[PDB]
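# Analysis of the macromolecular model
Residues per chain, in single letters:
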2 protein chains.
Amino acid sequence: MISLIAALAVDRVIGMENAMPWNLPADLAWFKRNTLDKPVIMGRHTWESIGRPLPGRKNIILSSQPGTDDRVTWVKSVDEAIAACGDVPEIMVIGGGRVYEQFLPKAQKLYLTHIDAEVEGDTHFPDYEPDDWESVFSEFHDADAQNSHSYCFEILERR
Amino acid sequence: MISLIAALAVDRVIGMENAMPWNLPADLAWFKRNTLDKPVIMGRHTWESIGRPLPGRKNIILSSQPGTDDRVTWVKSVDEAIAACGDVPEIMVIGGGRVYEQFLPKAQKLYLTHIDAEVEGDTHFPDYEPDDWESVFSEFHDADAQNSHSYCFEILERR
Ligand SMILES: Nc1nc(=O)c2nc(CNc3ccc(C(=O)N[C@@H](CCC(=O)O)C(=O)O)cc3)cnc2[nH]1
Ligand SMILES: Nc1nc(=O)c2nc(CNc3ccc(C(=O)N[C@@H](CCC(=O)O)C(=O)O)cc3)cnc2[nH]1
């Protein structure tokens, strides 16, 4: 089963040049809870940002180029990614843009973070038709002393 | 000697209801690095938003109220706080606004991060007269893949 996970600002904006101007430790927690013990697939850019492997999870890196770091698994194609995951009950795709795109249609589940933030980004989440998905969980949280903005958690299942 | 350290947004705005809309690890790194193995004065609100002692530093509290946490020292005045600190070369006042206020007149050096961000805040960093201060160091940095905003590090000494 394939599930995408992402943080969306206003207008399906997921990224820009510089780091997103926002502090949401709570988001990282959910991210963490939701992906631990699951293999995670990502792109070269994404991986470059993180800088290290995520622990408690299997990192598969979808890339055309040869990777040196041996602590992660390098792959060249979508099939391979999957193949590299084994017989698990859920594969989590973590981005960025291009991967979300490619894996989007094979996805069956969406964990999404909708952050009330208006920014001018380069990369956007993919467009999916609401029609086709079913909200199974939703939860709003206001900004606070530790989170710079309010946000809402959501889990969409493919209809 | 007393020193203050703080991050200023546009117009000395330093705090608000909900936390600061920005991601600046470099700054967080500068904070830590300039505080590590020293004394730290802070007020209840700051303490509350931090939520745990700052490791590698004696955490002092400046409150009127009594306190339950035994992992920190609580003081009730400026003179206590200072005593509490001991025979060290440099004490560091970390916030918030009021505390900054009180300590300002005693301070001999400031550690400021000037962030390039417009935020509508409640709290400001006190107004100090620039002429009574001498800039010892300043270093500007542009936003990047980590820090969501440009900022400049500055350190002034009392003339
Ligand atoms: N909702 C959501 N928020 C994100 O920030 C996120 N980030 C990506 C891609 N980038 C990242 C970047 C850093 C970390 C990260 O450090 N995750 C840690 C938590 C570390 C911590 O608790 O500080 C992990 O171990 O899960 C994760 C994803 C994909 N989906 C996400 N999904
Ligand atoms: N320059 C400056 N930047 C700040 O962010 C700042 N914040 C405070 C008060 N609030 C805080 C809140 C959290 C941490 C904090 O977590 N510091 C850690 C670094 C952890 C990390 O790198 O994530 C520490 O170990 O001191 C410090 C001060 C006071 N002076 C400041 N001064």
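How each quantity is defined
- Residues numbered from 1 in each chain as written, not as in the entry; some residues may be left out.
- Chains lettered and ligands numbered in written order.
- Heavy atoms only, no water.
- UniProt positions renumbered as here; feature names shortened; annotations may be inferred.
- Near = heavy atom within 4 Å.
- Polar contact = N/O pair within 3.5 Å; in protein donor to acceptor, adjacent residues only side chain to side chain.
- Helix = DSSP H or I, 4+ residues; strand = E, 2+ residues; numbered from the N terminus.
- Nonpolar A, V, L, I, M, F, W, Y, C, P; charged D, E, K, R; others polar.
- Areas by Shrake-Rupley, 256 points an atom, 1.4 Å probe, with all protein chains shown as cover.
- Salt bridge = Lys/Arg side-chain N within 4 Å of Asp/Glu carboxyl O.
- Buried < 20%, exposed > 50% of the residue type's maximum accessible area, 1.4 Å probe, protein only.

In the PDB archive, X-ray crystallography is given as the structure determination method for this entry, at a resolution of 2.6 Å.

By the naming in the PDB entry, chain A goes by DIHYDROFOLATE REDUCTASE and is assigned to Escherichia coli. Per its UniProt entry, chain A bears the Function comment "Key enzyme in folate metabolism. Catalyzes an essential reaction for de novo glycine and purine synthesis, and for DNA precursor synthesis."

What follows is about the site of ligand 1. Residues and elements named next belong to chain A. Taken together, 14 residues surround ligand 1, and among them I5, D27, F31, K32 and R57 come closest. Within the side chain of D27, an N or O atom sits 2.6 Å from a nitrogen atom of ligand 1. Side-chain polar atom of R57 to an oxygen atom of ligand 1: 2.3 Å apart, as the coordinates give it. Mapped onto the shell around ligand 1, the elements with two or more residues apiece are β1 (2–8) and α1 (25–35). Ranked by residue count, the leading element in the shell around ligand 1 is α1, at 4 residues. Taken together, the residues of the shell around ligand 1 break down into 10 nonpolar, 1 polar and 3 charged.

All names here are of chain B. Around ligand 2, the surrounding shell holds 14 residues, and the nearest of these are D27, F31, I50, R57 and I94. Within the side chain of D27, one N or O atom sits 2.7 Å away from a nitrogen atom of ligand 2. Here an oxygen atom of ligand 2 and a side-chain polar atom of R57 are 2.6 Å apart. Starting from 660 Å² of accessible surface for ligand 2 in isolation, the protein chains cover 71%. Looking at the shell around ligand 2, the elements with two or more residues in it are β1 (2–8), α1 (25–35) and α2 (44–50). In terms of residue count, the dominant contributor to the shell around ligand 2 is α1 (5 residues). For the shell around ligand 2, the class distribution of residues is 9 nonpolar, 2 polar and 3 charged.

With that out of the way, let us pick up the pattern of salt bridges. For the structure shown, the criterion picks out 12 salt bridges over all chains. A salt bridge links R71(A) to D69(A); the nearest nitrogen and oxygen atoms lie 2.6 Å apart. On the accessibility criterion, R71(A) (56% relative accessible area) is exposed. Under the relative-accessibility criterion, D69(A) is labelled buried at 16%. Here the residues in one salt-bridge network are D131(B), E134(B) and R159(B), joined through shared partners.

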